[PDB]
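Counting convention: from 1, in listed order, for ligands and their atoms alike. Chain identifiers are assigned alphabetically (A, B, ...) following the order of the sequence lines, protein sequences preceding nucleic acid strands; residue numbering begins at 1 within each chain.
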Amino acid sequence: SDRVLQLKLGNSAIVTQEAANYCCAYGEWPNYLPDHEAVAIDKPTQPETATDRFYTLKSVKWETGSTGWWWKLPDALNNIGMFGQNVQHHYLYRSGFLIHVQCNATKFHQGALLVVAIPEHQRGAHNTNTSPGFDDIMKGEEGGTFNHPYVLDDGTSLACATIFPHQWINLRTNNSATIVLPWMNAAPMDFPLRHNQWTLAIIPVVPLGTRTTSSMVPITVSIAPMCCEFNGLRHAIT
Amino acid sequence: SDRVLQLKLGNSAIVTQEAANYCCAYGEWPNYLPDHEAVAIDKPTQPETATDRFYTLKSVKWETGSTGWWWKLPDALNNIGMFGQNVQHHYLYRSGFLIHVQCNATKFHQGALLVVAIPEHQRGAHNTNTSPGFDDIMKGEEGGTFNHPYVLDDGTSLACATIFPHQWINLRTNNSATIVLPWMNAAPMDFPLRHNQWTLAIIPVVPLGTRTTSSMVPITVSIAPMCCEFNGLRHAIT
Amino acid sequence: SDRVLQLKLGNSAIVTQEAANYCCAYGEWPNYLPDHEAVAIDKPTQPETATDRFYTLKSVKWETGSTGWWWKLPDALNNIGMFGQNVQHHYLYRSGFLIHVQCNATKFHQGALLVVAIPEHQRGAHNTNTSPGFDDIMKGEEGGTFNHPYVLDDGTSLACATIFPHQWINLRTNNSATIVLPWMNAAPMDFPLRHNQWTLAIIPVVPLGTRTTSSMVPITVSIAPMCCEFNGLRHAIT
Amino acid sequence: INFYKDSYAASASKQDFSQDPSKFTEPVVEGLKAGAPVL
Amino acid sequence: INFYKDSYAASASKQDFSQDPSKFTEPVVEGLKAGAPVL
Amino acid sequence: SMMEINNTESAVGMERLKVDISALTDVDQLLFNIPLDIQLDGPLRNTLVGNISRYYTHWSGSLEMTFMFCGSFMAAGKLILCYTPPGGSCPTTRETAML
Amino acid sequence: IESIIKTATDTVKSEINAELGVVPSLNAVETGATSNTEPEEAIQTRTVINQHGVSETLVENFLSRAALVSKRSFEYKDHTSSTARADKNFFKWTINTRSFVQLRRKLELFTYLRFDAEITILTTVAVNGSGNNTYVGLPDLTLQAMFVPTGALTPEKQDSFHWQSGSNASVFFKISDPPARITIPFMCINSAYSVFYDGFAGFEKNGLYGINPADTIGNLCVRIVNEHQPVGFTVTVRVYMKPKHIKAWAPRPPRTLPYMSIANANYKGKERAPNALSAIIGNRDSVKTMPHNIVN
Amino acid sequence: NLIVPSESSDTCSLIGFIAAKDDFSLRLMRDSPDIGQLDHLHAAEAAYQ
Ligand SMILES: Cc1cc(-c2noc(C(F)(F)F)n2)ccc1OCCCc1cc(C(=O)N(C)C)no1
């Protein structure tokens with residue numbers, strides 16, 4: 001009853017038979033911007049199924065020495081499908097996200113992945129006074145990897161990352177994690193090309209292990225924007 | 001009361017002070033596809049202000065020997081703004097159009113332009129048995145020119161073109177023409193890259209003339225899609 | 001309905017067929033001094049039609065290099081008709097004004113005049129620490145010309161002069177401007193020979209231009225005092 | 001807190017929210033209507 | 001004691017005892033019941 | 001209040017308060033652009049809105065630009081005025097600005 | 001029409017418009033009226049409930065701020081061998097609001113102003129180092145500020161019998177105290193001060209131009225009450241004025257060129273733009289040049 | 001295009017105006033950078049004479 005789940009958005013659907021539950025960040029659900037909170041006065045465009053659908057990013061391989069992976073939103077989706085086109089043609093965007101992380105192995109495999117959505121994951125640089133550059137932060141669809149997951153690449157602690165909305169993929173228990181993210185920002189809308197509201201981090205707290213014949217064990221991320229709206233139409237910028 | 005007009009769609013607006021009236025093709029107004037006429041069962045996307053707005057094409061010069069100009073829809077708009085992106089990312093589209101043609105001169109100038117929207121303007125070739133090719137028909141935003149406007153480039157008559165929705169731009173009378181086009185098709189929706197429902201033709205029945213110092217006299221076309229909807233989302237094709 | 005106007009005061013009348021509207025300074029109309037605001041206790045004289053009538057000043061020529069013109073009130077009218085006599089024979093005066101500025105040309109002419117009534121237009125001198133002298137300020141019926149209209153001859157901006165009651169004479173649009181001025185003073189009455197409540201400024205923001213055969217293009221000012229009253233009768237001083 | 005006997009000694013008055021911008025934005029005898037041509 | 005005209009000048013507000021720890025301890029769509037297995 | 005659109009070395013005095021337009025022999029040509037920054041020294045600085053606003057640090061709300069054509073009665077023409085929300089470069093072609 | 005406005009106006013959502021005879025985006029600037037085009041008529045809008053306050057732009061708030069109006073330094077010492085132009089332990093100041101540009105420009109945004117004036121006097125002292133470049137400490141002196149109205153006699157020396165102030169309002173304050181403060185009422189003989197006065201102050205032709213005699217205030221006379229010490233000090237007095245209970249009329253174009261004098265509006269402008277006589281706004285290469293164009 | 005007859009001026013001028021709508025608001029008063037002084041204005045000293 002809580003291990004099987006189907007998510008359907010637009011023309012996309014996902015089914016998992018080894019879920020635990022799914023997390024609604026801070027007990028909230030995505031919604032459109034209400035009139036009593038709006039700032040931009042132009043009529044927003046709400047593409048609905050054109051943008052509110054699952055986009056699957058490139059899979060990554062879970063290796064023995066893997067330190068972890070991250071993707072910044074909306075940066076990771078800014079060049080994908082109609083969501084990317086709307087982002088490129090509009091000065092302002094707003095949306096939640098539905099995140100589904102997939103990783104399966106055998107009953108002889110072991111490992112634990114922490115799947116956490118970090119709001120405003122401002123990254124720090126290691127052993128230097130220079131702030132991270134644009135190329136260090138904006139990785140797009142490919143995402144990045146943690147240099148020091150122990151401190152979340154920001155001088156904090158991985159052990160306390162559970163304060164953020166998160167699930168675990170414990171191979172003996174489940175093969176997928178689902179997190180629903182509301183709009184998380186100090187402003188009602190934002191410029192999607194210069195600010196990232198959420199960071200999805202997947203960190204192998206317990207390394208992948210087995211004594212059976214080894215196989216590639218990928219981790220796959222599917223993200224569906226929810227309640228997308230865009231304001232300030234102009235020419236494409238990207 | 002009938003010479004001044006303002007058209008506002010999305011983030012675009014047009015004002016003319018020398019209009020005659022405006023024509024609603026066959027006395028109809030654009031609308032969305034009703035449930036009792038729909039065929040495609042997927043939820044359509046309706047971008048609204050993102051696509052239902054005025055797009056201005058490249059102006060053309062009205063010369064003494066000008067034979068006339070034409071633009072095919074939706075071909076002319078298939079690579080412009082969010083309308084173009086939605087067309088490229090969807091197998092099916094449906095929309096009306098709001099056409100505004102602009103041409104101004106002095107009170108010492110004379111000339112008459114017929115502005116007619118031809119439904120299913122299937123073109124013929126002159127003095128050959130070979131049918132027109134793809135490059136002859138699909139001209140995109142630049143449009144084309146009439147080889148033999150006298151017969152509408154199709155073996156018919158220009159004199160009888162008034163059976164189609166049309167206005168005139170008579171320089172001594174008005175400097176703009178406005179035509180509202182409903183969806184005109186045998187099918188509820190269509191593939192926008194292979195079929196053109198409407199052809200806009202501007203033909204100088206009375207040539208431009210004056211004895212005052214000559215100036216460039218452009219003709220400018222602005223077209224706003226109305227009640228756009230798209231079905232069959234996939235990757236961009238263009 | 002708003003382009004034709006007739007003004008009738010006393011034995012004078014003015015008709016224009018190319019007006020835009022007329023401006024009532026700060027949305028006010030002239031009136032006599034009420035009892036609850038009076039200071040001087042002697043019975044005032046109210047000549048009515050003898051003074052509340054249109055006086056036409058000397059016309060000025062609009063040239064290519066014209067910088068603009070100004071007239072100070074009541075100084076400009078202080079020696080004209082019965083208004084001048086009453087001013088000369090009384091220590092105190094009070095009145096509004098009705099200003100009508102006239103300038104006509106052909107449909108081949110272009111130009112724009114800003115017609116603004118400046119309250120307390122205290123003039124400054126250019127490139128000197130010495131304040132303007134009596135002869136620089138008190139020009140009478142002939143008025144003066146702007147040395148630096150760009151800064152209104154007072155170190156301020158011409159661009160912001162629209163904060164004052166004003167109209168425009170745009171040659172393609174209208175050939176006259178009308179402004180109704182109420183009494184504008186810190187005191188209920190004033191000595192007319194030493195203080196000017198209003199300054200009428202006509203500044204050619206867009207120079208006169210044409211390619212047709214040139215003609216003299218005058219600008220004519222007609223000013224009618226309204227609700228005149230005078231106190232403190234004595235011998236003529238002028 | 002004003003214990004002074006003269007009223008002009010009081011603190012500032014920041015509660016006058018009355019406005020009439022038409023005195024400067026529309027000082028015309030004939031009011032203009034929305035949409036209708038001015039001229 | 002606040003005689004200032006601007007409300008943000010007031011002293012601190014230490015009387016908001018409202019809590020909702022479930023926002024961080026139980027942010028799951030399906031609430032869990034006591035004793036019953038979670039999975 | 002009037003903008004100083006023509007803030008160029010060639011313009012003196014009130015010449016800076018008007019923009020001249022002439023007949024062109026090419027279509028869809030750009031005529032002028034207006035920087036929208038009130039804090040920087042631009043065409044909007046010496047206006048009522050600009051002068052008053054520069055006594056403050058934060059601002060919000062819509063602005064309106066009004067243009068008066070001061071040609072002869074016999075002159076005719078059509079122009080397109082575009083506002084581009086920020087994010088990219090100022091458009092240099094009509095087909096981009098009209099979006 | 002007059003109305004009570006506390007927040008910026010809300011926006012109402014709007015639909016497509018195609019109506020013959022209706023052109024809300026067209027206007028007639030020639031009438032002198034500002035364009036009445038609404039955002040809902042120019043573009044398609046959404047509904048927005050605007051909660052933005054407008055209180056900080058109230059005229060009272062805009063002008064009711066303490067601003068420097070007078071700053072005078074004088075030597076506190078034995079003035080037996082001082083020149084006639086030297087301030088000998090006291091000074092007098094003909095009150096005006098035109099000496100410091102920040103307050104002057106804000107005041108000159110209006111033609112007429114009516115307000116009461118809160119006056120704050122701030123005093124600082126420093127030991128004289130000329131020759132006697134030795135520090136012994138700062139004395140806590142007593143000062144007297146006397147308001148001398150029009151027609152009253154001003155003191156001519158630090159120990160003048162005019163300081164007895166039989167009817168003049170005087171305030172005695174110490175340097176160690178918080179700055180002295182008093183409220184001066186609206187004292188104009190008219191209903192409002194004339195910020196600008198296009199007239200002459202006298203019945204002859206040699207009177208001063210641009211200063212309304214109705215607004216004449218008087219003189220502020222400040223002395224050190226203490227007799228001089230064996231060593232000399234430099235005393236600096238700063239006077240701040242804050243208008244309150246303000247009424248304002250007829251706003252004016254702001255001052256652009258630098259001020260030249262406190263007696264007139266004479267202008268010269270900077271040598272080059274910005275704020276030059278021939279170019280107020282800084283130059284750009286052409287009307288098609290975007291000064292701060294964003295590239296990538 | 002701009003089209004004029006031979007007798008009209010071939011160059012025409014536009015005047016651009018700007019204003020805020022009644023949804024405009026401002027906050028955080030500050031000293032305007034549009035005015036400043038580096039010395040006392042002329043005749044300011046005379047007030048103390
Ligand atoms: C600065 C000052 C100081 C004192 C004073 N100092 O000490 C004392 C004493 F003796 F009681 F202790 N009185 C008195 C009055 C003062 O100024 C009055 C400001 C009024 C005004 C008019 C205008 C104007 O002309 N406008 C706006 C066009 N502006 O402001």
Side-chain angles (χ1 to χ4, degrees), chain C residues 119-120 122 185-187, chain D residues 6 8-9, chain G residues 59 62-72 90-100 103-123 142-150 152 154-155 162-174 177 179-199 201 208 210-223 225 237-252 255 262-265, chain H residues 47-48:
Chain C
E120 307 276 11
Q122 180 187 320
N185 206 33
Chain D
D6 296 275
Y8 73 82
Chain G
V59 165
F62 184 72
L63 281 180
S64 205
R65 272 163 147 81
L68 189 62
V69 293
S70 180
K71 179 175 130 43
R72 189 55 162 195
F90 85 102
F91 72 86
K92 63 139 278 269
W93 178 56
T94 309
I95 298 157
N96 72 91
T97 54
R98 305 183 110 230
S99 300
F100 293 86
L103 173 64
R104 186 186 174 165
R105 207 200 174 227
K106 273 168 55 165
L107 291 181
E108 294 187 346
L109 293 173
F110 312 87
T111 308
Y112 301 115
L113 293 174
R114 168 160 180 142
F115 58 82
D116 308 309
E118 176 205 84
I119 312 294
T120 311
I121 299 143
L122 170 68
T123 309
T142 292
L143 279 80
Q144 182 186 359
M146 195 177 32
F147 175 47
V148 177
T150 304
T154 57
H162 295 105
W163 295 105
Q164 75 184 269
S165 195
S167 321
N168 290 340
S170 293
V171 63
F172 297 83
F173 52 103
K174 292 206 259 297
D177 283 321
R181 178 175 279 172
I182 51 137
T183 295
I184 302 284
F186 174 69
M187 50 188 22
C188 189
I189 59 165
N190 295 320
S191 279
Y193 298 123
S194 299
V195 185
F196 295 87
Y197 189 71
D198 185 18
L208 300 214
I211 309 269
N212 191 350
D215 308 1
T216 304
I217 305 308
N219 289 330
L220 173 56
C221 308
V222 181
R223 69 161 177 168
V225 181
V237 175
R238 281 169 175 87
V239 183
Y240 298 79
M241 172 181 97
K242 186 186 78 165
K244 55 197 208 164
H245 320 131
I246 301 149
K247 278 179 110 292
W249 298 263
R252 311 177 68 87
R255 180 84 183 191
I262 74 161
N264 50 54
Chain H
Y48 301 90

*Give the atoms of ligand 1, by number and element, whose distance to some non-hydrogen atom of G:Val171 is under 4.0 Å.*
12 (F)
*Any atoms of ligand 1 less than 4.0 Å from a non-hydrogen atom of G:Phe115? List them with their elements.*
27 (C), 29 (N), 30 (O)
*Can you find a side-chain donor-acceptor pair between G:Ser70 and G:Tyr240 that sits under 3.5 Å?*
no
_Given G:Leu143, which partner from the list G:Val171, G:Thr123, G:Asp177, G:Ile121 fulfils the side chain to side chain contact (heavy atoms under 4.5 Å, CB included) test?_
G:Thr123
*Under 4.0 angstrom from ligand 1, any heavy atom of G:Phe186?*
no
_Residue and atom name of the nearest protein heavy atom (relative to atom 25 (O) of ligand 1), distance in Å to one decimal_ = G:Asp215 CB, 3.8 Å
*asked:* Is it the case that the side chains of G:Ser99 and G:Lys71 hold a donor-acceptor pair, with the cut-off being a distance below 3.5 Å and no angle test?
replied: no
*Have a look at G:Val195, G:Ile184, G:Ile246 and point out the one with the heavy atom closest to atom 15 (C) of ligand 1.*
G:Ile184
_Within-4.5 Å side-chain heavy-atom neighbours: G:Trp93 and G:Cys221_ = no
_I need the G:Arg181 CZ to G:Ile119 CD1 distance, nearest 0.5 Å._
10.0 Å
*asked:* With a heavy-atom distance limit of 4.0 Å, tell me whether G:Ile182 approaches ligand 1 through its side chain, its backbone, both, or neither.
replied: side chain
*Considering only protein heavy atoms, which is closest to atom 11 (F) of ligand 1, and at what distance to one decimal place?*
G:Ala169 O, 3.3 Å
*Does some side-chain heavy atom of G:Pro155 sit less than 4.5 Å from a side-chain heavy atom of G:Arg223?*
no
*asked:* With a 4.0 Å cut-off on heavy atoms, is G:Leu107 in contact with ligand 1?
replied: no
*For atom 18 (C) of ligand 1, what is the nearest protein heavy atom, given as residue, atom name and distance?*
G:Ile217 CG2, 4.0 Å
*asked:* How long is the straight-line distance from OG1 of G:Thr216 back to CE of G:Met187, given to the nearest 0.5 Å?
replied: 11.5 Å
*Under 6.0 Å from the six-membered ring centre of H:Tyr48 and within 45° of its axis: does the NZ or CZ of G:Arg72 meet both?*
yes
*Starting from atom 17 (O) of ligand 1, which protein heavy atom do you reach first, and at what distance in Å?*
G:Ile95 CG2, 3.3 Å
*Numbered atoms and elements of ligand 1 in range of G:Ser194, under 4.0 angstrom, heavy atoms*: 28 (C)
_Aromatic ring proximity G:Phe115/G:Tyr193, centre distance under 6.0 Å_ = yes
*In the protein, which heavy atom is nearest to atom 29 (N) of ligand 1, and how far is it?*
G:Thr97 CG2, 3.4 Å
_Straight-line distance of G:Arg104 CZ to G:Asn96 CG, nearest 0.5 Å_ = 8.5 Å
*Which heavy atom of the protein is the closest neighbour of atom 26 (N) of ligand 1, given with residue, atom name and distance?*
G:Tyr193 CB, 3.4 Å
_Under 4.0 Å from a heavy atom of G:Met146: which atoms of ligand 1 are those, numbered in the order shown and with their elements?_
10 (F)
*Looking at atom 3 (C) of ligand 1, what's its closest protein heavy atom, distance included?*
G:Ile119 CG2, 3.6 Å
*Specify side chain, backbone, both or neither for G:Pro243, according to which of its non-hydrogen atoms lie closer than 4.0 Å to ligand 1.*
neither
*Looking only at heavy atoms, is any part of G:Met241 under 4.0 Å from ligand 1, and if so is it the side chain, the backbone, or both, or is it neither?*
side chain
_Identity and distance of the protein heavy atom lying nearest atom 6 (N) of ligand 1_ = G:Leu220 CD1, 3.1 Å
_Between C:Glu120 and G:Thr111, a side-chain donor and acceptor under 3.5 Å_ = no
